[PDB]
>>> print(open('coords.cif').read())   # mmCIF, C-alpha atoms and all ligand atoms
data_my_file
loop_
_atom_site.label_atom_id
_atom_site.label_comp_id
_atom_site.auth_asym_id
_atom_site.auth_seq_id
_atom_site.Cartn_x
_atom_site.Cartn_y
_atom_site.Cartn_z
CA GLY A 1 -4.46 32.09 2.46
CA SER A 2 -4.29 28.54 1.04
CA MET A 3 -4.97 25.53 3.35
CA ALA A 4 -1.64 23.80 2.68
CA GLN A 5 1.52 24.07 0.65
CA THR A 6 0.87 24.12 -3.07
CA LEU A 7 0.69 20.59 -4.46
CA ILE A 8 1.92 20.78 -8.08
CA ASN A 9 0.45 17.39 -8.96
CA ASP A 10 -2.59 16.10 -6.99
CA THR A 11 -4.34 13.89 -9.63
CA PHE A 12 -3.78 10.81 -7.42
CA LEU A 13 -5.77 12.28 -4.51
CA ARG A 14 -8.47 13.57 -6.82
CA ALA A 15 -8.96 10.17 -8.44
CA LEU A 16 -9.26 8.45 -5.07
CA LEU A 17 -12.12 10.87 -4.39
CA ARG A 18 -13.76 10.19 -7.81
CA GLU A 19 -13.16 13.78 -8.92
CA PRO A 20 -12.76 15.01 -12.54
CA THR A 21 -9.13 14.79 -13.77
CA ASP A 22 -7.26 15.20 -17.09
CA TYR A 23 -5.66 11.75 -16.95
CA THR A 24 -5.41 8.58 -14.89
CA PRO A 25 -2.76 8.81 -12.19
CA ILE A 26 -0.29 5.99 -11.55
CA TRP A 27 1.87 4.78 -8.71
CA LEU A 28 3.35 1.31 -8.32
CA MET A 29 3.67 -1.11 -5.43
CA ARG A 30 7.40 -1.59 -4.65
CA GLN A 31 8.32 1.45 -6.80
CA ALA A 32 11.20 1.71 -4.32
CA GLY A 33 12.80 -1.69 -4.68
CA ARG A 34 15.52 -4.01 -5.92
CA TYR A 35 14.73 -3.51 -9.60
CA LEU A 36 16.53 -0.11 -9.21
CA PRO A 37 20.38 -0.36 -9.06
CA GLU A 38 20.40 2.81 -6.87
CA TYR A 39 18.08 1.14 -4.33
CA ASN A 40 20.60 -1.73 -3.99
CA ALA A 41 23.47 0.75 -3.64
CA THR A 42 21.60 2.58 -0.87
CA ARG A 43 20.68 -0.74 0.76
CA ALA A 44 24.37 -1.65 0.77
CA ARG A 45 25.28 1.62 2.57
CA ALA A 46 22.56 0.97 5.19
CA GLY A 47 23.70 -2.62 5.76
CA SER A 48 20.26 -4.23 5.52
CA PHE A 49 16.62 -3.80 4.65
CA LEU A 50 15.78 -2.94 8.29
CA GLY A 51 18.59 -0.38 8.28
CA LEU A 52 16.82 1.43 5.44
CA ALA A 53 13.42 1.34 7.14
CA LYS A 54 14.67 2.37 10.60
CA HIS A 55 16.63 5.50 9.57
CA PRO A 56 14.58 8.38 8.20
CA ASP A 57 17.39 9.65 5.90
CA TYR A 58 17.65 6.24 4.18
CA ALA A 59 13.85 5.75 4.09
CA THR A 60 13.54 9.24 2.48
CA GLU A 61 16.34 8.56 0.00
CA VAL A 62 14.81 5.34 -1.35
CA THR A 63 11.24 6.80 -1.31
CA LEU A 64 12.42 9.54 -3.72
CA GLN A 65 14.47 7.31 -6.08
CA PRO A 66 11.61 6.16 -8.34
CA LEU A 67 10.38 9.80 -8.57
CA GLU A 68 13.78 10.81 -9.99
CA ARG A 69 13.39 8.24 -12.74
CA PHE A 70 9.71 8.28 -13.54
CA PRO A 71 6.91 10.87 -13.44
CA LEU A 72 4.86 8.83 -10.95
CA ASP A 73 1.83 10.55 -9.42
CA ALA A 74 2.56 9.69 -5.77
CA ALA A 75 5.26 8.71 -3.34
CA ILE A 76 4.73 5.95 -0.80
CA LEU A 77 6.46 5.98 2.57
CA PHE A 78 9.27 3.44 2.53
CA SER A 79 8.81 1.14 5.51
CA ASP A 80 7.63 -2.38 6.29
CA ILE A 81 4.28 -3.68 7.55
CA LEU A 82 6.09 -5.50 10.37
CA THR A 83 7.13 -2.33 12.22
CA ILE A 84 4.02 -2.69 14.43
CA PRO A 85 4.74 -6.23 15.77
CA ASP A 86 8.39 -5.21 16.17
CA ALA A 87 7.23 -2.26 18.37
CA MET A 88 5.06 -4.77 20.27
CA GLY A 89 8.36 -6.41 21.24
CA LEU A 90 8.28 -9.54 19.09
CA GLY A 91 11.86 -9.01 17.87
CA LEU A 92 11.82 -8.63 14.09
CA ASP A 93 14.84 -9.62 11.98
CA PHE A 94 15.63 -10.13 8.27
CA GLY A 95 12.43 -13.35 4.75
CA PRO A 96 11.25 -11.95 8.13
CA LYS A 97 11.54 -13.81 11.45
CA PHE A 98 10.33 -12.96 14.98
CA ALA A 99 12.30 -13.89 18.11
CA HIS A 100 8.92 -14.26 19.87
CA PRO A 101 6.13 -15.86 17.78
CA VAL A 102 2.59 -15.48 19.21
CA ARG A 103 1.34 -18.97 20.11
CA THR A 104 -0.24 -19.24 23.57
CA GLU A 105 -2.88 -17.43 25.64
CA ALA A 106 -0.02 -15.87 27.68
CA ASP A 107 1.70 -14.59 24.49
CA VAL A 108 -1.56 -12.93 23.43
CA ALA A 109 -2.01 -11.44 26.92
CA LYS A 110 1.32 -9.64 26.52
CA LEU A 111 0.14 -7.87 23.32
CA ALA A 112 -0.66 -4.18 23.68
CA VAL A 113 -1.05 -1.18 21.42
CA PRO A 114 2.42 0.39 21.20
CA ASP A 115 2.97 4.03 22.14
CA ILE A 116 3.49 5.05 18.51
CA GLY A 117 5.52 8.16 19.39
CA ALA A 118 7.90 6.26 21.69
CA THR A 119 8.43 3.04 19.70
CA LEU A 120 7.79 4.04 16.08
CA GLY A 121 9.10 7.61 15.99
CA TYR A 122 11.38 6.56 13.14
CA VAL A 123 8.34 6.01 10.93
CA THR A 124 6.74 9.40 11.66
CA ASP A 125 10.20 11.02 11.33
CA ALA A 126 10.45 9.45 7.86
CA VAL A 127 7.00 10.86 6.96
CA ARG A 128 8.09 14.34 8.13
CA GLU A 129 11.39 14.13 6.28
CA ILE A 130 9.77 12.89 3.05
CA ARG A 131 7.29 15.81 3.09
CA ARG A 132 10.23 18.20 3.46
CA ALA A 133 12.14 16.39 0.65
CA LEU A 134 9.13 16.57 -1.70
CA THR A 135 9.18 20.39 -1.31
CA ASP A 136 10.91 22.46 -4.03
CA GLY A 137 12.76 25.80 -3.77
CA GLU A 138 9.51 27.77 -3.79
CA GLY A 139 7.85 25.72 -1.03
CA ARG A 140 5.54 23.66 -3.31
CA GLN A 141 5.04 19.91 -2.98
CA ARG A 142 5.84 17.76 -6.05
CA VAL A 143 3.44 14.79 -5.47
CA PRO A 144 1.25 13.48 -2.58
CA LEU A 145 2.57 11.05 0.03
CA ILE A 146 0.92 7.71 0.84
CA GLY A 147 1.21 6.25 4.38
CA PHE A 148 0.51 2.56 4.98
CA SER A 149 0.08 -0.41 7.28
CA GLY A 150 -0.57 -4.12 7.08
CA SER A 151 -4.10 -5.18 7.87
CA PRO A 152 -4.87 -6.70 11.26
CA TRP A 153 -5.13 -10.18 9.70
CA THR A 154 -2.00 -9.88 7.59
CA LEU A 155 -0.01 -8.71 10.69
CA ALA A 156 -1.49 -11.63 12.66
CA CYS A 157 -0.22 -14.05 9.98
CA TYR A 158 3.41 -13.04 10.49
CA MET A 159 3.00 -12.71 14.28
CA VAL A 160 1.65 -16.24 14.83
CA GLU A 161 3.75 -17.90 12.11
CA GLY A 162 6.83 -16.23 13.62
CA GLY A 163 7.97 -14.98 10.23
CA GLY A 164 7.32 -15.38 6.50
CA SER A 165 5.41 -18.19 4.81
CA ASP A 166 4.16 -19.48 1.44
CA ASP A 167 0.66 -20.40 2.70
CA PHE A 168 0.34 -19.40 6.43
CA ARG A 169 -1.38 -22.71 7.16
CA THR A 170 -0.24 -22.53 10.85
CA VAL A 171 -2.11 -19.25 11.60
CA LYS A 172 -5.23 -20.31 9.68
CA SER A 173 -5.32 -23.53 11.68
CA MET A 174 -5.12 -21.43 14.90
CA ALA A 175 -8.16 -19.37 13.72
CA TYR A 176 -10.16 -22.61 13.54
CA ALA A 177 -8.67 -24.23 16.65
CA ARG A 178 -8.48 -21.20 18.97
CA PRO A 179 -10.80 -18.51 17.52
CA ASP A 180 -10.97 -16.59 20.85
CA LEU A 181 -7.19 -16.10 20.94
CA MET A 182 -7.19 -15.19 17.25
CA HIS A 183 -9.86 -12.52 17.85
CA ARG A 184 -7.84 -11.13 20.78
CA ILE A 185 -4.78 -10.77 18.49
CA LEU A 186 -6.91 -9.13 15.78
CA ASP A 187 -8.52 -6.71 18.29
CA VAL A 188 -5.12 -5.46 19.53
CA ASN A 189 -3.79 -5.30 15.93
CA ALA A 190 -6.76 -3.19 14.77
CA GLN A 191 -6.23 -0.68 17.57
CA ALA A 192 -2.51 -0.54 16.76
CA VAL A 193 -3.11 -0.15 12.98
CA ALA A 194 -5.53 2.77 13.56
CA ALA A 195 -3.12 4.49 15.96
CA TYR A 196 -0.22 3.93 13.53
CA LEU A 197 -2.03 5.25 10.46
CA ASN A 198 -3.39 8.25 12.41
CA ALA A 199 0.18 9.05 13.57
CA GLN A 200 1.36 8.89 9.94
CA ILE A 201 -1.51 11.24 8.89
CA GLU A 202 -0.61 13.73 11.63
CA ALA A 203 3.00 13.65 10.42
CA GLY A 204 1.91 14.42 6.82
CA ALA A 205 0.60 11.27 5.03
CA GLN A 206 -2.09 12.53 2.63
CA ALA A 207 -3.63 9.13 1.81
CA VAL A 208 -3.40 5.82 3.71
CA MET A 209 -3.35 2.28 2.40
CA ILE A 210 -4.15 -0.95 4.24
CA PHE A 211 -2.32 -3.92 2.77
CA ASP A 212 -4.33 -7.11 3.41
CA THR A 213 -1.90 -9.20 1.38
CA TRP A 214 -2.88 -12.49 3.03
CA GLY A 215 -6.63 -11.97 3.35
CA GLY A 216 -7.14 -13.89 0.13
CA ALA A 217 -5.81 -17.08 1.78
CA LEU A 218 -9.04 -17.20 3.88
CA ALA A 219 -12.26 -19.11 3.13
CA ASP A 220 -15.44 -17.19 2.51
CA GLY A 221 -16.91 -16.51 5.98
CA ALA A 222 -13.48 -16.72 7.63
CA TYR A 223 -12.38 -13.73 5.48
CA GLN A 224 -15.18 -11.57 6.83
CA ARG A 225 -14.79 -12.73 10.46
CA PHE A 226 -10.97 -12.65 10.71
CA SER A 227 -9.94 -9.93 8.22
CA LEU A 228 -12.75 -7.72 6.89
CA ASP A 229 -14.43 -6.92 10.22
CA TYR A 230 -11.03 -5.70 11.49
CA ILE A 231 -10.42 -3.57 8.38
CA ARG A 232 -13.79 -1.96 9.13
CA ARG A 233 -12.77 -1.44 12.81
CA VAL A 234 -9.58 0.33 11.67
CA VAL A 235 -11.41 2.57 9.14
CA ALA A 236 -14.03 3.56 11.72
CA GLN A 237 -11.19 5.00 13.84
CA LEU A 238 -9.16 6.77 11.14
CA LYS A 239 -8.73 10.52 10.75
CA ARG A 240 -10.59 11.31 7.52
CA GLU A 241 -9.32 14.89 7.16
CA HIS A 242 -6.01 16.72 7.77
CA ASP A 243 -4.45 20.05 6.77
CA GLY A 244 -7.80 21.12 5.23
CA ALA A 245 -8.08 18.12 2.91
CA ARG A 246 -9.79 14.75 2.88
CA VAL A 247 -7.28 11.95 3.56
CA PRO A 248 -8.46 9.08 1.33
CA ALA A 249 -8.28 5.54 2.76
CA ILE A 250 -7.47 2.54 0.49
CA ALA A 251 -7.86 -1.18 1.30
CA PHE A 252 -6.37 -3.98 -0.76
CA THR A 253 -6.99 -7.69 -0.18
CA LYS A 254 -4.98 -9.59 -2.79
CA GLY A 255 -7.15 -12.44 -4.03
CA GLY A 256 -10.17 -10.55 -2.69
CA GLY A 257 -12.12 -9.99 -5.95
CA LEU A 258 -15.14 -11.96 -4.75
CA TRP A 259 -15.48 -9.64 -1.76
CA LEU A 260 -15.28 -6.32 -3.57
CA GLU A 261 -18.79 -5.26 -2.55
CA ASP A 262 -18.00 -6.14 1.09
CA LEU A 263 -14.73 -4.17 1.02
CA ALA A 264 -16.47 -1.23 -0.67
CA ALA A 265 -18.95 -1.07 2.22
CA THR A 266 -16.28 -0.76 4.95
CA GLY A 267 -16.06 3.04 4.70
CA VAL A 268 -12.85 3.18 2.62
CA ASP A 269 -12.61 5.66 -0.23
CA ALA A 270 -10.89 3.17 -2.56
CA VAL A 271 -10.35 -0.57 -3.03
CA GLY A 272 -7.20 -2.15 -4.59
CA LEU A 273 -7.61 -5.04 -7.06
CA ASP A 274 -5.43 -7.74 -8.49
CA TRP A 275 -5.14 -8.73 -12.14
CA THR A 276 -7.75 -11.50 -12.10
CA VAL A 277 -10.53 -8.90 -11.67
CA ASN A 278 -12.25 -7.40 -14.69
CA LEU A 279 -11.77 -3.70 -13.93
CA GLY A 280 -14.86 -2.52 -15.88
CA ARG A 281 -17.07 -5.11 -14.17
CA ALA A 282 -15.65 -4.07 -10.80
CA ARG A 283 -16.51 -0.43 -11.57
CA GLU A 284 -20.10 -1.51 -12.31
CA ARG A 285 -20.15 -3.71 -9.19
CA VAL A 286 -19.28 -0.80 -6.89
CA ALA A 287 -21.50 1.61 -8.90
CA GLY A 288 -19.17 4.57 -8.22
CA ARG A 289 -19.33 4.12 -4.43
CA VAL A 290 -15.53 3.85 -4.22
CA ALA A 291 -12.48 4.48 -6.40
CA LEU A 292 -10.61 1.43 -7.75
CA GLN A 293 -6.83 1.00 -7.75
CA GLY A 294 -4.96 -1.51 -9.98
CA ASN A 295 -4.69 -3.86 -11.65
CA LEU A 296 -1.94 -4.78 -14.09
CA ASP A 297 -0.18 -8.17 -13.76
CA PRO A 298 3.43 -7.25 -12.79
CA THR A 299 4.68 -10.13 -14.94
CA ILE A 300 3.59 -8.10 -18.00
CA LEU A 301 6.60 -5.83 -17.31
CA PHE A 302 8.83 -8.63 -18.61
CA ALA A 303 7.22 -8.49 -22.04
CA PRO A 304 8.33 -6.17 -24.87
CA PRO A 305 7.46 -2.46 -24.68
CA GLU A 306 4.69 -2.72 -27.33
CA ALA A 307 3.06 -5.51 -25.30
CA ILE A 308 3.40 -3.56 -22.04
CA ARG A 309 1.79 -0.49 -23.57
CA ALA A 310 -1.03 -2.52 -25.20
CA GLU A 311 -1.86 -4.15 -21.85
CA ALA A 312 -1.84 -0.78 -20.10
CA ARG A 313 -4.30 0.49 -22.76
CA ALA A 314 -6.50 -2.58 -22.13
CA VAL A 315 -6.70 -1.92 -18.40
CA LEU A 316 -7.65 1.73 -19.01
CA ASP A 317 -10.16 0.85 -21.73
CA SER A 318 -11.78 -1.71 -19.40
CA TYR A 319 -12.41 1.01 -16.80
CA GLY A 320 -13.59 3.44 -19.50
CA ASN A 321 -14.15 7.17 -19.44
CA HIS A 322 -15.23 7.60 -15.80
CA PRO A 323 -13.65 9.17 -12.74
CA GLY A 324 -12.26 7.13 -9.86
CA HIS A 325 -9.41 4.95 -11.21
CA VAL A 326 -5.79 4.95 -9.90
CA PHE A 327 -3.59 2.80 -12.13
CA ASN A 328 -1.32 0.35 -10.26
CA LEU A 329 -0.13 -3.26 -10.48
CA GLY A 330 -1.95 -6.11 -8.75
CA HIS A 331 1.23 -6.88 -6.79
CA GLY A 332 4.73 -5.44 -6.39
CA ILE A 333 7.30 -4.76 -9.13
CA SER A 334 9.54 -7.80 -9.53
CA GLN A 335 13.19 -7.31 -8.55
CA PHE A 336 14.10 -8.52 -12.06
CA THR A 337 12.07 -5.85 -13.90
CA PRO A 338 13.99 -3.62 -16.36
CA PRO A 339 13.52 -0.02 -15.08
CA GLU A 340 12.87 1.19 -18.63
CA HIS A 341 9.77 -1.06 -18.75
CA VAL A 342 8.43 0.85 -15.76
CA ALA A 343 9.17 4.12 -17.64
CA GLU A 344 7.22 2.83 -20.67
CA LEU A 345 4.24 1.80 -18.49
CA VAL A 346 4.03 5.21 -16.77
CA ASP A 347 4.32 7.00 -20.11
CA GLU A 348 1.52 4.96 -21.77
CA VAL A 349 -0.86 5.20 -18.83
CA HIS A 350 -0.47 8.99 -18.90
CA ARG A 351 -0.77 9.42 -22.67
CA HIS A 352 -3.58 6.95 -23.31
CA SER A 353 -5.68 8.08 -20.33
CA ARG A 354 -5.33 11.71 -21.41
CA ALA A 355 -6.64 10.61 -24.86
CA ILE A 356 -9.62 8.90 -23.16
CA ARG A 357 -10.30 11.69 -20.59
NA NA B 1 -5.61 16.11 -13.36
#
>>> encode(input="coords.cif", output="structure tokens")
Amino acid sequence: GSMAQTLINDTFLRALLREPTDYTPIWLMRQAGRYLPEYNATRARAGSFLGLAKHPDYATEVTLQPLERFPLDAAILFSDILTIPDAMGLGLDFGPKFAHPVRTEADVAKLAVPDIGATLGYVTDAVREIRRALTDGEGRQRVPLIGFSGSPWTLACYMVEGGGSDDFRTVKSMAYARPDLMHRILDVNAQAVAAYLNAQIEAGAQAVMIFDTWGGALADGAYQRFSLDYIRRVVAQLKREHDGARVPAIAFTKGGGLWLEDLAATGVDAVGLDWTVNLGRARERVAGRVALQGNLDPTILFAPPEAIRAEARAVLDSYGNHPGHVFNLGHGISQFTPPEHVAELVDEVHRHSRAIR
């Protein structure tokens, strides 16, 4: 009779849709990561970061690790944003480096949307396996699964740079010097990101997140032309429903607090925020049009437990007693974070938000 397997805990999906809930749900960027000794042990068995991402059993294993420690309200597919340019044939290795950086008109001409099934089957296989792993003995799902991609601009940054960077000055200078080529890269990336996210949804992702980690490096004007317009192009092409449920879409431009209204008008269900943004003011700014995700400074997780819990209370109090907040950090968990500080954060967010709500 029911549309899908029983989801025991769906508060995360409900908050992204601005629905009534009993508490504020929480998941954390890099919840699978080097701060967990078991992640490092698994990474050692796999041989490398890419080994973990490219084999669905390893990807599934590390995705589930934080859920065994903490009562988080969602799982996020373990992968990397750079799977797409790898599938485009740029030769990813592990920061990240490409054997073939995108520099010339001829390089750009060779870019094409990958056949997602044929080149990135390992990602959809991980999504399928994680959905099976999140199922208990009675067939019920424990928590929802988040699928994800880099934004067209953020992918372009790595593609043109030829790997990681601290400022991506080389790609930004290409946007000003050769805007036509830049737009061509962004066009192909947007088509690829939509295809990739849609494939993840079909495989069982129940929400999707677009990580525009480097959008905040761009000047006003440039941000809209080279990043935001392409986020909109992706969202316009996304499946918005699957298995009888809305599939919420989230966009996060780190450093993008000035453009919240712009992001909230792209068609996404939710916008991610970093710690510089006043969460209550942001809620007013969007006037309930979208859910907000964030926005604790991850550096707070180095402070004592009483400080961590007080700061978690302050974030929640800033948002206030209204639907539509998913608690998260404004960036990923540091590799040096004590896991018990994550436990304390999750506990306080749950208890204090229940007291509010
Ligand atoms: Na609830």
>>> residues_around(input="coords.cif", residues="residue A:134", least_positions_apart="6", cutoff="9 Å", atoms="all atoms listed in the file", output="ChimeraX atom specification")
/A:64,75,140-145
>>> axis_aligned_box(input="coords.cif", around="stretch 324-329 of chain A", padding_each_side="4 Å", output="AutoDock Vina command-line options")
--center_x -6.2 --center_y 1.9 --center_z -11.0 --size_x 20.1 --size_y 18.4 --size_z 10.3
>>> atom_distance(input="coords.cif", atom1="atom CA of residue A:172", atom2="atom CA of residue A:100")
18.5 Å
>>> residues_near_ligand(input="coords.cif", ligand="ligand NA 1 (chain B)", cutoff="6 Å", atoms="all atoms listed in the file", output="NGL selection string")
:A and (11 or 21-23)
>>> closest_atom_pairs(input="coords.cif", of="stretch 81-178 of chain A", to="stretch 227-248 of chain A", cutoff="7 Å", atoms="only C-alpha atoms", output="JSON lines")
{"residue": "A:151", "atom": "CA", "partner": "A:231", "partner_atom": "CA", "distance": 6.5}
{"residue": "A:152", "atom": "CA", "partner": "A:230", "partner_atom": "CA", "distance": 6.2}
{"residue": "A:153", "atom": "CA", "partner": "A:227", "partner_atom": "CA", "distance": 5.0}
>>> residues_near_point(input="coords.cif", point="(-11.4, -10.4, -7.5)", cutoff="7 Å", atoms="all atoms listed in the file", output="PyMOL selection string")
chain A and resi 255-258+260+273-274+276-277
>>> closest_residue(input="coords.cif", among="A:280, A:1, A:89, A:147", to="residue A:314", atoms="only C-alpha atoms")
A:280
>>> residues_around(input="coords.cif", residues="residue A:291", least_positions_apart="3", cutoff="8 Å", atoms="all atoms listed in the file", output="VMD selection string")
chain A and resid 15 to 18 269 to 271 288 323 to 326
>>> closest_residue(input="coords.cif", among="A:209, A:99, A:87, A:7", to="residue A:131", atoms="only C-alpha atoms")
A:7
>>> residues_around(input="coords.cif", residues="residue A:40", least_positions_apart="5", cutoff="12 Å", atoms="only C-alpha atoms", output="list in words")
residues 32, 33, 34, 35, 45, 46, 47, 48, 49, 52, 58, 61, 62, 65 and 335 of chain A
>>> closest_residue(input="coords.cif", among="A:102, A:203, A:41, A:208", to="residue A:170", atoms="all atoms listed in the file")
A:102
>>> atom_distance(input="coords.cif", atom1="atom CA of residue A:158", atom2="atom CA of residue A:184")
15.4 Å
>>> closest_atom_pairs(input="coords.cif", of="stretch 28-128 of chain A", to="stretch 189-201 of chain A", cutoff="12 Å", atoms="only C-alpha atoms", output="JSON lines")
{"residue": "A:76", "atom": "CA", "partner": "A:200", "partner_atom": "CA", "distance": 11.6}
{"residue": "A:77", "atom": "CA", "partner": "A:200", "partner_atom": "CA", "distance": 9.4}
{"residue": "A:79", "atom": "CA", "partner": "A:200", "partner_atom": "CA", "distance": 11.6}
{"residue": "A:81", "atom": "CA", "partner": "A:193", "partner_atom": "CA", "distance": 9.8}
{"residue": "A:82", "atom": "CA", "partner": "A:193", "partner_atom": "CA", "distance": 11.0}
{"residue": "A:83", "atom": "CA", "partner": "A:196", "partner_atom": "CA", "distance": 9.7}
{"residue": "A:84", "atom": "CA", "partner": "A:192", "partner_atom": "CA", "distance": 7.3}
{"residue": "A:85", "atom": "CA", "partner": "A:189", "partner_atom": "CA", "distance": 8.6}
{"residue": "A:86", "atom": "CA", "partner": "A:192", "partner_atom": "CA", "distance": 11.9}
{"residue": "A:87", "atom": "CA", "partner": "A:192", "partner_atom": "CA", "distance": 10.0}
{"residue": "A:88", "atom": "CA", "partner": "A:192", "partner_atom": "CA", "distance": 9.4}
{"residue": "A:108", "atom": "CA", "partner": "A:189", "partner_atom": "CA", "distance": 10.9}
{"residue": "A:111", "atom": "CA", "partner": "A:189", "partner_atom": "CA", "distance": 8.8}
{"residue": "A:112", "atom": "CA", "partner": "A:192", "partner_atom": "CA", "distance": 8.0}
{"residue": "A:113", "atom": "CA", "partner": "A:192", "partner_atom": "CA", "distance": 4.9}
{"residue": "A:114", "atom": "CA", "partner": "A:192", "partner_atom": "CA", "distance": 6.7}
{"residue": "A:115", "atom": "CA", "partner": "A:195", "partner_atom": "CA", "distance": 8.7}
{"residue": "A:116", "atom": "CA", "partner": "A:196", "partner_atom": "CA", "distance": 6.3}
{"residue": "A:117", "atom": "CA", "partner": "A:199", "partner_atom": "CA", "distance": 7.9}
{"residue": "A:118", "atom": "CA", "partner": "A:199", "partner_atom": "CA", "distance": 11.5}
{"residue": "A:119", "atom": "CA", "partner": "A:196", "partner_atom": "CA", "distance": 10.7}
{"residue": "A:120", "atom": "CA", "partner": "A:196", "partner_atom": "CA", "distance": 8.4}
{"residue": "A:121", "atom": "CA", "partner": "A:199", "partner_atom": "CA", "distance": 9.4}
{"residue": "A:122", "atom": "CA", "partner": "A:200", "partner_atom": "CA", "distance": 10.8}
{"residue": "A:123", "atom": "CA", "partner": "A:200", "partner_atom": "CA", "distance": 7.6}
{"residue": "A:124", "atom": "CA", "partner": "A:200", "partner_atom": "CA", "distance": 5.7}
{"residue": "A:125", "atom": "CA", "partner": "A:200", "partner_atom": "CA", "distance": 9.2}
{"residue": "A:126", "atom": "CA", "partner": "A:200", "partner_atom": "CA", "distance": 9.3}
{"residue": "A:127", "atom": "CA", "partner": "A:200", "partner_atom": "CA", "distance": 6.7}
{"residue": "A:128", "atom": "CA", "partner": "A:200", "partner_atom": "CA", "distance": 8.8}
>>> atom_distance(input="coords.cif", atom1="atom CA of residue A:262", atom2="atom CA of residue A:74")
26.8 Å
>>> residues_around(input="coords.cif", residues="stretch 216-218 of chain A", least_positions_apart="2", cutoff="10 Å", atoms="all atoms listed in the file", output="PyMOL selection string")
chain A and resi 153-154+167-169+172+212-214+220-227+252-259
>>> decode(input="coords.cif", residues="stretch 17-33 of chain A", atoms="N, CA and C atoms", output="compact mmCIF listing (two decimals), in the first residue's frame")
# COMPACT_ATOMS: atom_id res chain seq x y z
N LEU A 17 11.59 20.60 3.29
CA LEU A 17 10.31 21.03 2.70
C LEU A 17 9.50 21.98 3.57
N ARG A 18 10.11 22.47 4.66
CA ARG A 18 9.50 23.45 5.58
C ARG A 18 8.23 22.89 6.23
N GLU A 19 8.27 21.60 6.50
CA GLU A 19 7.14 20.93 7.17
C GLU A 19 7.29 20.95 8.70
N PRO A 20 6.17 20.86 9.43
CA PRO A 20 6.23 20.69 10.90
C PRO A 20 7.06 19.44 11.30
N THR A 21 7.93 19.61 12.29
CA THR A 21 8.71 18.52 12.87
C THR A 21 8.79 18.68 14.41
N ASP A 22 9.24 17.63 15.09
CA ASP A 22 9.41 17.70 16.54
C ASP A 22 10.74 18.29 17.00
N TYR A 23 11.71 18.33 16.08
CA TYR A 23 13.05 18.78 16.40
C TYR A 23 13.76 19.17 15.09
N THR A 24 14.93 19.76 15.26
CA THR A 24 15.73 20.20 14.12
C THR A 24 16.70 19.10 13.75
N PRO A 25 16.61 18.60 12.50
CA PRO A 25 17.50 17.51 12.12
C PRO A 25 18.91 18.00 11.85
N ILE A 26 19.87 17.08 11.92
CA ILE A 26 21.28 17.44 11.75
C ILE A 26 21.98 16.38 10.90
N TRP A 27 22.76 16.85 9.95
CA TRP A 27 23.81 16.01 9.35
C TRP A 27 25.01 16.92 9.17
N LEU A 28 26.19 16.32 8.96
CA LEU A 28 27.41 17.13 8.93
C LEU A 28 28.27 16.89 7.71
N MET A 29 28.70 17.96 7.06
CA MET A 29 29.63 17.81 5.95
C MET A 29 30.92 17.11 6.42
N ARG A 30 31.35 16.11 5.64
CA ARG A 30 32.50 15.26 5.97
C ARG A 30 32.27 14.40 7.21
N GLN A 31 31.00 14.07 7.49
CA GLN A 31 30.70 13.12 8.58
C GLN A 31 31.39 11.76 8.38
N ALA A 32 31.59 11.35 7.12
CA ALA A 32 32.58 10.30 6.84
C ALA A 32 33.90 10.98 6.54
N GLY A 33 34.89 10.79 7.40
CA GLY A 33 36.15 11.47 7.18
C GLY A 33 37.22 11.09 8.19
